[PDB]
Amino acid sequence: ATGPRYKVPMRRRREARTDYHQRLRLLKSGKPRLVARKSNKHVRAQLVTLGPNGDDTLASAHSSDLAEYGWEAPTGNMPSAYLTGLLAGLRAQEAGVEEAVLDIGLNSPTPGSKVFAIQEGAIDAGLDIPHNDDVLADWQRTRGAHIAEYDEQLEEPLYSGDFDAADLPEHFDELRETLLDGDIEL
Amino acid sequence: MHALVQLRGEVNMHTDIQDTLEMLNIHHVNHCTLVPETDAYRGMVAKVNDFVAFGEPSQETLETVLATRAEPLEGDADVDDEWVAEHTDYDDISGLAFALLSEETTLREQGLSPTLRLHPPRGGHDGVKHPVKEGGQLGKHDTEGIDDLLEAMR
Amino acid sequence: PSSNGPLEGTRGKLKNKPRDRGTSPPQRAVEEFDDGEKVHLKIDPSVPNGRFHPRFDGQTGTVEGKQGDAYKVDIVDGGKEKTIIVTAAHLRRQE
Amino acid sequence: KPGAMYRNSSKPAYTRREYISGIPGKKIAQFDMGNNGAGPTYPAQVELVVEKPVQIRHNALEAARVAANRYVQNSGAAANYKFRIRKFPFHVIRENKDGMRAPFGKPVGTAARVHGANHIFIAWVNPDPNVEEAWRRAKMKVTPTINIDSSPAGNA
Amino acid sequence: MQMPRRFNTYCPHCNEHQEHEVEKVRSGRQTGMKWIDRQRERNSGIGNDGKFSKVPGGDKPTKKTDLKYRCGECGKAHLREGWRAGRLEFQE
RNA sequence: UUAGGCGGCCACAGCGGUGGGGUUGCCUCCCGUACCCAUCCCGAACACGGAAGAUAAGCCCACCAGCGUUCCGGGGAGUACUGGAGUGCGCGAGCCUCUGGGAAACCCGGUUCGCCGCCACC
RNA sequence: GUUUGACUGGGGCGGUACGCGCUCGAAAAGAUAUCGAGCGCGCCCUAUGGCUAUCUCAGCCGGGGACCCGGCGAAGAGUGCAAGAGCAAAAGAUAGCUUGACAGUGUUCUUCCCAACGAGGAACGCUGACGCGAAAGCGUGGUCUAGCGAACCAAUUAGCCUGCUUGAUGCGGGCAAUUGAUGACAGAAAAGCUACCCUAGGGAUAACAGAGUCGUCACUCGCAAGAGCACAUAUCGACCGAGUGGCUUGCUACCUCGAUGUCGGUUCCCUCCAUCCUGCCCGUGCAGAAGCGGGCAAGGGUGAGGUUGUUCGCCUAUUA
RNA sequence: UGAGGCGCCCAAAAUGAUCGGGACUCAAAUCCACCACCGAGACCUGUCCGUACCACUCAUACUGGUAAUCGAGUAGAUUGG
RNA sequence: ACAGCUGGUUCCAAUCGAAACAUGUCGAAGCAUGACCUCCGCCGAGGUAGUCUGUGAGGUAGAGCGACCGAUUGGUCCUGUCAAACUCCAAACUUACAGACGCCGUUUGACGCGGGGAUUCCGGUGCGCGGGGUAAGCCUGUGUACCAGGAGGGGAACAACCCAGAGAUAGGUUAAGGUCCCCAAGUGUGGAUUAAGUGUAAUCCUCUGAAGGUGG
Ligand SMILES: [Cl-]
Ligand SMILES: [Cl-]
Ligand SMILES: [Cl-]
Ligand SMILES: [Cl-]
Ligand SMILES: [Cl-]
Ligand SMILES: [Cl-]
Ligand SMILES: [K+]
Ligand SMILES: [Mg+2]
Ligand SMILES: [Mg+2]
Ligand SMILES: [Mg+2]
Ligand SMILES: [Mg+2]
Ligand SMILES: [Mg+2]
Ligand SMILES: [Mg+2]
Ligand SMILES: [Mg+2]
Ligand SMILES: [Mg+2]
Ligand SMILES: [Mg+2]
Ligand SMILES: [Mg+2]
Ligand SMILES: [Mg+2]
Ligand SMILES: [Mg+2]
Ligand SMILES: [Mg+2]
Ligand SMILES: [Mg+2]
Ligand SMILES: [Mg+2]
Ligand SMILES: [Mg+2]
Ligand SMILES: [Mg+2]
Ligand SMILES: [Mg+2]
Ligand SMILES: [Mg+2]
Ligand SMILES: [Mg+2]
Ligand SMILES: [Mg+2]
Ligand SMILES: [Mg+2]
Ligand SMILES: [Mg+2]
Ligand SMILES: [Mg+2]
Ligand SMILES: [Mg+2]
Ligand SMILES: [Mg+2]
Ligand SMILES: [Mg+2]
Ligand SMILES: [Mg+2]
Ligand SMILES: [Mg+2]
Ligand code: NA
Ligand code: NA
Ligand code: NA
Ligand code: NA
Ligand code: NA
Ligand code: NA
Ligand code: NA
Ligand code: NA
Ligand code: NA
Ligand code: NA
Ligand code: NA
Ligand code: NA
Ligand code: NA
Ligand code: NA
Ligand code: NA
Ligand code: NA
Ligand code: NA
Ligand code: NA
Ligand code: NA
Ligand code: NA
Ligand code: NA
Ligand code: NA
Ligand code: NA
Ligand code: NA
C-alpha cells in the first residue's frame with residue numbers, strides 16, 4: 001500500500017476470517033475438520049477436507065434446513081446447534097467420513113458454548129472426534145431447558161408469536177429422535 | 001546441415017570445448033564431420049565456434065569431398081558410386097549427398113565413418129586468428145565460403 | 001570464511017524479499033509426498049523448523065520414506081550420497 | 001604525495017563511513033559558485049568533460065576549482081555566471097606508512113571517481129566565454145586529458 | 001543462577017514423575033586402599049617417580065553443575081548431565 | 001453465490017473514493033442479561049437469549065486509477081554488463097572486433113480497483 | 001638429567017589471524033587465502049524455560065515527556081549478549097499455570113562441502129513418564145548460527161558381575177553414567193645465557209653486493225597564484241598536475257650460505273652530463289666594472305691543508 | 001569553426017650506437033584491399049614396428065582382420081626380457 | 001649411537017601415469033588420514049566430459065536509492081553526488097534433477113564394490129576474476145590452460161607467447177610465422193599517408209614514453 005516494500009496480509013487475514021496459526025495446527029491431524037460456525041440467527045456445521053485448489057466440503061448441515069425435518073423453533077440456540085451438528089454428522093457418516101477434529105474458527109472455547117454443542121451432536125451421530133466431556137453443556141441446557149425456565153419468568157412470551165409460549169425442550173427430543181433413523185438426506 | 005572442420009589444435013584449448021569436438025567425432029586438425037541443424041547441435045557448434053570452420057556446403061562440393069574423403073566404418077575401401085550402391089540405401093554418391101544435406105540420414109547410418117579426414121588446404125586458408133568477417137577462416141561461412149575451403153582440402 | 005558455523009554466508013539464501021515476509025501459507029507445510037517423488041530443497045526463511053543444512057539449498061532429491069512428520073530425502077552432495085531430514089514446508093514437487 | 005599513487009580505479013569502492021574512521025576533511029571550499037541565487041537561465045552552458053576514468057583527490061579538485069573560479073574574476077567578484085563542480089570525493093584512500101606485514105593502510109584522504117565522458121565542471125555564461133579559459137586552467141591541475149564542451153550555444 | 005530445592009520430574013527408578021530433592025554432590029573421602037594407591041607406593045623410588053611426580057592440573061573458568069536428584073518417595077537418587085554455571089543457589 | 005460458510009494463489013487482491021441493495025432464504029448492525037460463559041472495572045469484548053427497528057457501518061453488487069502493485073507496447077537499448085576467441089589498438093589505465101547472451105533507472109501509452117476451488121442456497 | 005612449543009613477508013620484540021560465532025572479502029550453487037576489513041564467544045537466566053488465555057508494538061497526531069481516551073500506524077518496538085537472519089490474532093507484551101532444562105535409545109546432518117577423521121553441536125524419531133490445552137497440538141531449554149575438553153585416576157549414582165582348594169568377614173577388581181582440565185583448546189609435567197662455543201643443513205630465510213620496484217631521494221616538465229615601488233614570466237616562485245633517473249632510503253626475497261673477502265682511504269684506468277671553470281652565445285631590474293639567470297657544449301681542468309676512521313660535513317688560505 | 005590520419009616538440013647516464021644485423025624513404029615504413037608463394041614431426045599418403053582388441057588356435061606359436069575415435073612423459077604402480 | 005638434515009643407490013623394454021591440495025599432528029625441512037596415480041578380484045547395464053529443453057537454487061557485474069540504510073550539495077518544490085560490510089531492481093554465468101541428441105559401455109565390462117602398492121602434502125607461469133600493497137621478476141585467493149614431466153616449427157637468444165601434442169622410414173600439403181640480402185619464398189599488385197630513419201618492436205622485468213603543446 002505505502003510502497004514496494006510494504007507487506008500486505010493474506011486475504012483471509014485481512015478479512016479477519018482465518019486464523020492461520022490455528023489452521024496449521026488443525027491440519028496437523030491429517031483428519032477432516034468439523035467446521036463449527038455461527039450467525040446471529042443460524043448455526044452451520046461442515047466437514048471439510050484439504051484440496052489442491054482449496055478446501056472440499058464433504059458434508060454439511062445448516063440450522064435452517066433443520067425445519068425440513070420438523071423444526072418449528074428459533075435456530076440460534078443451543079438445541080439448534082446440537083441438532084445441526086448431529087445432522088451434519090449423520091450426512092458425514094453417509095459420505096464415508098469416520099473422524100474429524102473440531103475447528104471453531106475465531107470463536108472462543110467457552111464451556112457449554114454452541115460450538116461444543118455442535119461437537120457433541122456430530123460425535124453422537126457417530127463421528128469420532130477428539131474432545132473433552134466436561135467442557136460441554138449438561139444435556140439439559142442442550143435440550144433447551146435454560147430457555148424454558150427463562151420463559152417461566154414470563155409475564156410476556158419469550159417468543160414473538162413463534163411456537164408455544166412456555167417453549168419446548170420436548171420438541172428437541174422429538175427431533176433428535178427423528179434424526180436417529182431413516183429419513184431422507186441422511 | 002553444416003560441414004564442420006577443425007582448424008585449431010587441442011593444445012591450450014578448453015577441455016569442455018575439446019570434449020565437444022570429440023562428441024562430434026572430430027579428434028584431429030583438418031577433420032570434418034557433417035552436422036544436422038538442430039537446437040542441440042547448434043549449441044555445440046557455437047561453443048566450438050572459435051576453433052572451427054562451418055557452414056552449409058553445396059550439393060556438388062559435398063559430392064566431391066564424399067567421393068574423395070569418405071570411408072567405411074572399418075577399412076581402406078574407397079567410397080565411390082559402386083560402393084555407395086552396393087552398401088547403402090542410395091544408388092550413388094549424389095543420392096547419399098542429397099540425403100545427408102536434407103538431413104534424412106547420417107554417415108554412420110550408412111556404414112560410413114562419421115569423419116571426413118581432409119587434406120590441408122591447397123593454397124592455404126585465411127588464418128586461424130580471425131573470423132570470416134575479419135578476413136580469417138574461423139566461424140560460420142558462406143555456402144560459397146565453405147565450398148572453397150572444402151574444395152581446397154579435397 | 002572467518003567462521004565455520006552452518007549459517008556462514010547464508011545472509012541472502014535465508015532471507016525473504018520484504019513482501020514474502022511474514023508467516024507462510026500452511027498449505028505447503030502439510031503437502032504429502034510419496035516415496036520416489038522428486039522434490040526441490042529450499043529453506044523457507046519464515047519457517048524455523050524442519051530445516052536442513054543451508055549448503056543443500058537448491059538440491060533436488062528423492063523422497064524415500066519419512067521420520068515423524070519430516071521426510072527423508074536422498075541427495076548426492078558432489079559425489080557422496082546423503083540423506084536429509086526435512087519437512088514439507090521446505091520442499092516442492094519437481095515439474 | 002604524487003597522484004601516481006591514487007589516480008587509478010583498480011581498488012574496491014571504499015566509502016562506508018560506518019566502518020571507516022579518521023577520514024581527513026575535504027579541501028574543496030564550495031561546489032556552487034557565482035550567482036547561486038539564480039538558476040541556469042543563461043544562453044551558454046560549457047562543461048569540462050573528463051576523458052578517462054580516474055580518481056581525483058580532493059587536493060586536485062580544490063586546486064582545479066580555485067584556478068578556474070579565481071580566474072572567472074575576469075567577470076568580477078559578483079559577476080553574472082554560475083559555476084558547478086558536480087562531483088564529491090567519496091572514495092577514502094589509504095597509505096601503508098612492519099613492512100608488508102599488516103599492510104592495510106591508514107586513512108590519508110579522499111578522492112572522487114570520475115568515468116571517462118562525465119562532466120566534472122559546468123559553467124553557465126551569457127555570450128562571454130571567459131569560462132572556456134577558466135577551464136584550460138582547470139584541466140591543467142587534474143590528471144586526465146579533458147574535453148571542453150559547449151552545450152546550449154549555437155552563437156558561434 | 002537459581003534452582004528450586006524440590007520439584008516434580010521423572011524418576012528412572014520409580015519410572016514415573018515424582019517430587020525430587022536437589023543437592024550438590026559432597027565429595028567422598030578416599031580410603032587409600034585402591035589399586036592406584038598401591039601402585040604409587042610400589043613404584044615410587046630413587047629419582048623421578050614418573051606419573052607420581054606430577055602435580056594438580058588447574059581450573060576451568062566455570063565448572064559444570066554437579067548434582068544429585070533424590071526421589072521423594074523411593075529415596076533413590078539419579079545423576080544428570082551438568083551445565084556450566086558460575087554459581088548455583090537453591091530456592092528454599 | 002438478491003447478500004452465506006471453508007479455502008487456494010497471497011497487493012493483478014493494497015490505499016483512497018463514487019453509486020446501488022434487502023417484509024427473509026441471508027449476513028449484519030440491532031434489542032436484551034434468567035441461564036453456560038465473561039470483564040485485574042465495565043453483557044464494550046467474550047458468552048448466551050432473542051427480533052421492535054434499519055440498510056446508516058460492515059458485507060455483497062456496479063464503477064473511478066490519484067497513490068502502491070502486476071503484466072504489456074513503444075522509446076531508453078541491443079545501451080550497461082557479460083560466457084568463448086583474437087600476433088586488433090593503446091606508454092598505460094584501458095579499448096576494439098567476431099561469436100553466444102543481455103539489464104536497470106526513467107519517459108510516454110495500455111493493463112490492474114482480484115482470479116480460482118469446494119459446499120450450501122428462489 | 002632435562003625442558004624452555006608453534007604461527008610470523010628471516011628471526012626477536014609486538015601480536016594470536018593457536019578453540020569458536022557473524023557481515024564483507026568470496027567472483028549471484030558449493031568450496032576458497034593473507035599479521036585481510038568490521039566485531040564478537042569462553043557466559044547469563046527457575047525464568048530470561050514450557051504451555052495456555054488475553055492482547056499488539058515503536059513513533060507521530062488530537063482531547064484531559066507520568067496516567068487516561070481516540071486516531072494514524074506491516075513492524076522502524078520487543079525478542080539476555082556480536083553480526084546477519086526469523087517473528088504481529090506471534091517467536092513480542094500481560095496474566096495464570098507448569099517443570100519437556102525429563103529418563104532410555106536411535107535416525108540423520110554437521111564438525112571434516114566435494115572426501116576419511118574424535119569430542120562437541122543440531123535436526124528429526126521412537127519407548128517411558130509428565131505439563132498445559134476443548135482439541136488438533138505444543139514442550140528433546142532460551143527464535144537461529146558462539147558459550148567448549150580424550151585416555152589414565154578420583155569422587156558420585158543404581159543394580160548387577162567378579163578376586164587363584166573352600167566357607168565367613170574385611171578390603172579390592174569390573175559393566176553403564178555424572179562431575180573434576182588440559183585456552184598450545186584432537187590434551188608433554190618444563191626457565192634462561194653463550195662473543196668460549198660445536199654439528200647438521202638452508203640462498204626453503206636475514207646482514208653485505210647484485211636484481212625488481214620507486215613510496216623516499218635527485219632532477220625536469222605543464223599550469224602560473226603570488227612578489228618583484230608599476231609590471232607572473234630580469235629574478236624568486238606556492239598549490240595542483242605529468243614525468244625522467246637509478247646516487248640515498250625503504251620494500252621484495254629472484255641469485256649465491258660445499259663463502260662472489262667489510263667501511264673509509266689509497267693507487268691506476270675508462271666513462272656519464274643534470275656544466276663548477278674555460279669557449280661560443282641569449283635575456284637582464286644589461287651605463288661601465290662586477291653580477292644574476294638561461295642556451296650550446298664533456299676538449300681540458302676542478303688543486304693544498306686543520307678536527308674526525310669517517311663517507312658526509314664543518315673550517316682556513318690559495319684558485320679561472 | 002567542428003572532426004579525423006600520420007608525424008613533430010616535451011625527451012638527461014655512465015666500456016662500443018642500433019630494428020637479430022646489413023641496410024631501407026612513390027619503402028624493405030604505415031593504413032585499406034588484393035595476388036602468388038615459402039614454411040613443422042601438424043594434416044594427407046606407401047611400407048614396417050609396438051600396444052590393444054577381433055577370428056582361428058593348446059598357444060601369449062602362425063595366419064588374417066580392426067584402431068577417425070592407439071603410440072609424449074618426472075615421481076610412482078604393473079609386466080616381458 | 002641417533003637425525004624428520006645433505007650426498008649417493010649400478011642392465012634393456014612394454015602399459016598406465018600423478019601430487020605440489022584438504023583434516024589432524026610440540027605440526028609446518030616430518031608424518032598419518034583423505035584427494036589423486038597404479039595393480040588385482042568381484043558386479044553386470046547402464047554412464048554423462050558437451051549442447052538443447054523443462055522443473056528448481058542464487059544477489060556478483062550493471063543499475064538505483066520520491067525502495068530501506070548510511071554517506072553526500074546548494075537555493076527560494078527545485079537542484080548536486082555515492083556504497084566491500086545498502087537494495088525497489090537485476091544479468092551474463094555457475095549449479096541440483098529430469099528428458100532429448102551426442103559420445104560412451106555391455107568378448108575393449110563401463111558406472112560401481114572390495115583389496116595390494118605407491119608417489120605426493122616447497123610449486124611456478126599465462127589469461128579471466130580478484131583482496132592487500134606507491135609498486136615489484138611483491139604477498140595471498142580463485143577458475144582455467146600450460147611448465148614442472150612436453151618434443152618438433154616460429155619468436156635473434158629464452159620453462160610456461162604463437163603453431164603444435166610425438167612410433168620408424170618415405171613422398172606430399174599446410175600451421176604459426178614469413179617472402180630485399182644474411183635466409184627457403186615477392187625488390188608482388190591497386191591506392192593512400194609519413195620525412196621523423198618516425199618506423200622496420202603481437203605478448204613482455206624485457207617492446208617506454210606522459211600531462212601539455214604543434215599555421216609540420
Ligand atoms: Cl463464526
Ligand atoms: Cl541437513
Ligand atoms: Cl553444583
Ligand atoms: Cl624384450
Ligand atoms: Cl599429449
Ligand atoms: Cl639509419
Ligand atoms: K652466502
Ligand atoms: Mg578406419
Ligand atoms: Mg605451398
Ligand atoms: Mg597464415
Ligand atoms: Mg622418588
Ligand atoms: Mg448504502
Ligand atoms: Mg639422555
Ligand atoms: Mg639448556
Ligand atoms: Mg619459528
Ligand atoms: Mg558461493
Ligand atoms: Mg528452538
Ligand atoms: Mg594425564
Ligand atoms: Mg566428582
Ligand atoms: Mg591442536
Ligand atoms: Mg580443528
Ligand atoms: Mg658449522
Ligand atoms: Mg631465495
Ligand atoms: Mg673474488
Ligand atoms: Mg646539456
Ligand atoms: Mg673525455
Ligand atoms: Mg607413452
Ligand atoms: Mg626400464
Ligand atoms: Mg616390449
Ligand atoms: Mg553475497
Ligand atoms: Mg557496482
Ligand atoms: Mg560463483
Ligand atoms: Mg620436478
Ligand atoms: Mg632466397
Ligand atoms: Mg627508432
Ligand atoms: Mg605494448
Ligand atoms: Na513468508
Ligand atoms: Na613487526
Ligand atoms: Na591533465
Ligand atoms: Na615392586
Ligand atoms: Na494488579
Ligand atoms: Na449496509
Ligand atoms: Na614444549
Ligand atoms: Na558427533
Ligand atoms: Na633499492
Ligand atoms: Na622512475
Ligand atoms: Na658456492
Ligand atoms: Na676501500
Ligand atoms: Na668538459
Ligand atoms: Na677534512
Ligand atoms: Na616412468
Ligand atoms: Na637424533
Ligand atoms: Na604445498
Ligand atoms: Na604440516
Ligand atoms: Na621436520
Ligand atoms: Na544418453
Ligand atoms: Na565489471
Ligand atoms: Na602438459
Ligand atoms: Na626459437
Ligand atoms: Na631507426
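Chain A is the first sequence line, chain B the second, and so forth, proteins listed ahead of strands; every chain is numbered from 1. Hydrogens, waters and symmetry mates play no part in the numbers below; they use all other heavy atoms, side chains included.
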Base pairing of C286(G) with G126(I) (Watson-Crick or G-U, both distances under 3.5 Å): no
Check whether any side-chain nitrogen or oxygen of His130(B) sits under 4.0 Å from OP1 or OP2 of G88(F), and answer yes or no. yes
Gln94(C) (side chain) and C97(I) (base): donor-acceptor pair under 3.5 Å: yes
Any donor-acceptor pair under 3.5 Å joining the side chain of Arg25(A) to the base of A135(G)? no
Before giving the answer on salt bridge (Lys or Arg N to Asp or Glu O under 4.0 Å), spell out for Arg23(A) and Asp55(A) the whole-Å C-alpha distance, their side-chain angles and the decisive distance to 0.1 Å. CA-CA 12 Å; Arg23(A) 177 138 201 283; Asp55(A) 292 325; 2.8 Å; yes
Across the strands shown, which category fits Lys52(D) at heavy-atom distances under 4.0 angstrom: base, sugar-phosphate, nothing? base
Whether the side chain of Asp50(B) and the base of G84(F) hold a donor-acceptor pair under 3.5 Å is what I'd like checked. yes
For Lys97(D), report the nucleic acid contact type (base, sugar-phosphate, nothing); a contact means any heavy atom under 4.0 Å. nothing
Do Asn96(D) and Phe104(D) make a side-chain contact, defined as non-hydrogen atoms from C-beta onward lying under 4.5 Å apart? no
Please report the distance, rounded to the nearest Å, between NZ in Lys54(E) and P in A189(G). 4 Å
So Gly61(C), base contact, sugar-phosphate only, or nothing? Heavy-atom distance under 4.0 Å. nothing
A155(G) base to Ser27(E) side chain: any donor-acceptor pair below 3.5 Å? no
Integer-rounded Å distance: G241(G) P and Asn8(D) CG: 14 Å
Quick one: is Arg11(C) getting a side-chain N or O under 4.0 Å of the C22(G) phosphate, OP1 or OP2? no
Does a side-chain N or O from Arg55(C) land closer than 4.0 Å to OP1 or OP2 of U111(G), or not? yes
For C113(G), does the base pair up with any side-chain atom of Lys80(C) as donor and acceptor (N or O, under 3.5 Å, distance only)? no
Rounded to whole angstrom units, what separation is found between the NE2 atom of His146(A) and the P atom of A47(F)? 15 Å
Using a 3.5 Å limit on both distances, is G86(G) in a Watson-Crick or G-U wobble pair with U79(G)? yes
Residue-phosphate contact under 4.0 Å: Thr15(D) side-chain N/O, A71(I) OP1/OP2: no
To the nearest angstrom, the CE-P distance between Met100(D) and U8(G) comes to 16 Å
Heavy atoms only, 4.0 Å cut-off, all strands: where does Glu8(C) land among base, sugar-phosphate and nothing? sugar-phosphate
Do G143(I) and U284(G) make a Watson-Crick or G-U wobble pair, both distances under 3.5 Å? no
State whether the distance check finds a donor on one side and an acceptor on the other, under 3.5 Å, for side chain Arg17(A) versus base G5(F). no
Going by modelled atom types, is there a donor-acceptor pair between the base of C22(G) and the side chain of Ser2(C) at under 3.5 Å? yes
Base, sugar-phosphate, or nothing: which does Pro53(D) touch, judged by heavy atoms less than 4.0 Å apart? nothing
Ignoring hydrogens and angles, answer whether the base of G92(F) and the side-chain atoms of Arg7(D) contain a donor-acceptor pair closer than 3.5 Å. no
Would you find more than 12 non-hydrogen atoms of other residues, nucleotides or ligands less than 6.0 Å from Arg80(E) atom CZ? yes
Would you kindly compare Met13(B) and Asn96(D) by the position of their nearest RNA chain I nucleotide and give the one closer to the 5′ end? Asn96(D)
Record whether the side chain of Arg141(A) comes under 3.5 Å of the base of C35(F) through a donor-acceptor pair of N or O atoms. yes
Kindly indicate whether the side chain of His14(B) and the base of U144(I) share any N or O donor-acceptor pair separated by less than 3.5 Å? no
Within the stacking criterion (centroid distance below 5.5 Å, interplanar angle below 30°), does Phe88(D) stack on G80(I)? no
With heavy atoms under 4.0 Å as the rule, sort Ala60(D) into base, sugar-phosphate or nothing. sugar-phosphate
Reckon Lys133(B) has a side-chain N or O less than 4.0 Å from the OP1 or OP2 of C98(F)? no
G5(G) sugar pucker (north/south) via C1'-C2'-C3'-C4': north
May I ask whether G133(I) and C86(I) form a pair, defined as Watson-Crick or G-U wobble with both distances under 3.5 Å? no
Rounded distance in Å - CD (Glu10(B)) to P (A85(F)): 16 Å
Without decimals, in angstroms, what is the distance between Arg113(D) CZ and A63(I) P? 13 Å
Could you check whether the six-membered base rings of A170(I) and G171(I), which sit next to each other in the strand, have centres less than 5.5 Å apart and planes tilted by under 30 degrees? yes
Any stacking of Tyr150(A) on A34(F), going by centres under 5.5 angstrom and planes within less than 30 degrees? yes
Write down the distance between CG (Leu50(A)) and P (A136(G)), rounded to a whole number of angstrom. 18 Å
Does this structure show an ion pair linking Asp39(B) with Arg42(B), if we count only N-O contacts that are shorter than 4.0 Å? yes
For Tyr69(E) and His20(E): C-alpha separation, side-chain torsions, deciding distance, then whether ring pair (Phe, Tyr, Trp, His ring centres under 6.0 Å) applies. CA-CA 6 Å; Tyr69(E) 301 77; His20(E) 282 66; 7.3 Å; no
Across the strands shown, which category fits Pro144(D) at heavy-atom distances under 4.0 angstrom: base, sugar-phosphate, nothing? sugar-phosphate
For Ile104(A), report the nucleic acid contact type (base, sugar-phosphate, nothing); a contact means any heavy atom under 4.0 Å. base
Which nucleotide sits closest to the side chain of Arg19(C): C114(G), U69(F), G128(G)? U69(F)
Side chain of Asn16(C), backbone of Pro45(C): donor and acceptor closer than 3.5 Å? no
Any chance the bases of neighbours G159(G) and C160(G) are stacked, by the 5.5 Å centre and 30° plane criterion? yes
Need one value for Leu7(C): base, sugar-phosphate or nothing, where a base atom within 4.0 Å counts as base even if backbone is also close, heavy atoms only. base
When you measure only distances, ignoring hydrogens and angles, does the side chain of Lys60(E) come within 3.5 Å of the base of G149(G) through a donor and an acceptor? yes
Positive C1'-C2'-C3'-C4' counts as north, negative as south. Which one applies to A204(G)? south
For a quick check of understanding: with a heavy-atom distance under 4.0 Å over all strands, which category does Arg17(D) fall into, base, sugar-phosphate or nothing? sugar-phosphate
Considering the options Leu116(B), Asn25(B), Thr115(B), which one meets the side-chain contact (heavy atoms from CB on, under 4.5 Å) requirement together with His31(B)? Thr115(B)
Only one of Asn49(B), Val128(B), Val132(B) passes side-chain contact (heavy atoms from CB on, under 4.5 Å) with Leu138(B); say which it is. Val128(B)
Establish whether the base of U69(H) is bridged to the side chain of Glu22(B) by a donor-acceptor pair shorter than 3.5 Å. no
Considering only heavy atoms and no angle criterion, is a donor-acceptor pair shorter than 3.5 Å present between the side chain of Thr2(A) and the base of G14(F)? no
Rounded to whole angstroms, how far apart are CD1 on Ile17(B) and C1' on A49(I)? 13 Å
Pick the nucleotide of RNA chain I nearest each of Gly123(B) and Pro103(D); which residue has the one closer to the 5' end? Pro103(D)
With sugar-phosphate meaning primed atoms plus P, OP1 and OP2, does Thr145(D) contact a base, only sugar-phosphate, or nothing at under 4.0 Å between heavy atoms? sugar-phosphate
Given the structure, check if the side chain of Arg8(B) and the base of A175(I) hold any donor-acceptor pair shorter than 3.5 Å. no
Answer with base, sugar-phosphate or nothing: what part of the nucleic acid does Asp55(A) contact at a heavy-atom distance below 4.0 Å? base
